[PDB]
Amino acid sequence: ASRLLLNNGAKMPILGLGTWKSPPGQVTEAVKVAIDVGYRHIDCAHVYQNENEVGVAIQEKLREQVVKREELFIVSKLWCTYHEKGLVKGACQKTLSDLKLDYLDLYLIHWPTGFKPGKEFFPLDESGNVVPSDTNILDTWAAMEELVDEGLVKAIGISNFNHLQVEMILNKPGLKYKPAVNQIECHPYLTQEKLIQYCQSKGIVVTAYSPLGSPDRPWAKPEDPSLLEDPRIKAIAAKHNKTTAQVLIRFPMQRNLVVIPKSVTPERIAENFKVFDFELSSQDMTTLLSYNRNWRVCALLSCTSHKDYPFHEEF
Ligand SMILES: NC(=O)c1ccc[n+]([C@@H]2O[C@H](COP(=O)([O-])OP(=O)(O)OC[C@H]3O[C@@H](n4cnc5c(N)ncnc54)[C@H](OP(=O)(O)O)[C@@H]3O)[C@@H](O)[C@H]2O)c1
Ligand SMILES: O=C(O)Cc1ccccc1O
């Protein structure tokens, strides 16, 4: 069941189900199976274009008395086109209506980069590059703070923020709510030891996304590395009578991180849950950390020139 304590007093399930790339015609079933198997944490976002169909699953399990609403921990994220002051509440309410809830447990700023408002998720000019908003991180944070005061979200957080951008929020004049969570990419090829040590020293919980290396990302190449097929990680799995996927989900848990693997496959959803009944040794852990290559799945390469692009700093 286990769970980590956030700085608002709530408890967050250390395992959750991810839904980026989960088709609208498969995800309702995937979330229904997850909840049956014992998942109590769903990771969502407006930009995934499937929050209505995730919502259908959640409502069905609530009607069925499988879970009560307080048992679930539902996360969504504010997309970059909604960073302006007067648009943050509207974006939150559209996500709440699609999911058919009256509050979210955790709401994140998806990326620190603000885009020009519009229907397009990545708005372009006549030259073909992304158009930025003139908004900043601190104003967007003040808008996220008033959602807490209004009762729409219980906790607020951030995603893909480097340590200097988190610093900016922690040092903000009149800061009312600290970020509860920083959701970042993390796996054996991108171990993030400095950003994790920094967040954990300030009482911010880390969530690890793309824990299996995201083999189904639409920009995948044949000569890219594959975590699931790494012989060295295959060896560690075989020693424990577990799968490679189970080892990759266990690894962040023993670093005190929340982990959110995605699957629409009922047998893999079940497999990803059976991770609470074994331990990686400190030797296994230190070996898995040594596999760091500084390789990113999610690099937001179209915004490399944005004033708030997060990945120019070391951590
Ligand atoms: N904050 C952000 O900016 C951000 C960015 C990226 C990701 N995330 C979140 O983190 C979640 C997880 O990361 P991700 O979706 O990039 O990738 P992932 O969880 O690392 O991997 C998903 C892929 O692995 C496959 N898989 C799942 N279980 C497996 C198993 N036991 N054996 C073999 N293959 C397995 C899935 O296939 P099937 O589905 O076909 O089973 C799918 O192809 C996302 O869905 C999203 O919720 C957030
Ligand atoms: O940031 C994420 O969660 C992954 C994602 C989803 C849709 C478009 C771009 C993109 O990087």
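Numbering of chain A is taken from Swiss-Prot, so the residues present carry the numbers 2-316, in order.
Determined via X-ray crystallography, 2.0 Å.
In case you wondered, yes, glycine gets a Cβ from its N, Cα and C as well.
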- Residue carrying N6-acetyllysine as stated in Swiss-Prot, selected out of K86, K95, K120: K95
- Looking at Swiss-Prot, which of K117, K222 is flagged as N6-acetyllysine? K222
- Might you list, by sequence position, any residue in that chain lying six or more from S211 (NADP(+) binding site) with a Cβ less than 8 Å away from its Cβ? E186, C187, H188, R218, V298, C299
- Where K78 (site 'Lowers pKa of active site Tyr') sits in the secondary structure, as DSSP reduces it to three classes: strand
- Item | Spatially closest candidate among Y49, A221, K222, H241, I261, the listed recorded positions, to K78 (site 'Lowers pKa of active site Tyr') (Cα to Cα) | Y49
- Message: Which recorded positions from the set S211, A221, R251, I261, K263, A271 have a C-beta atom lying less than 6 Å away from ligand 1?
- Response: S211, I261, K263
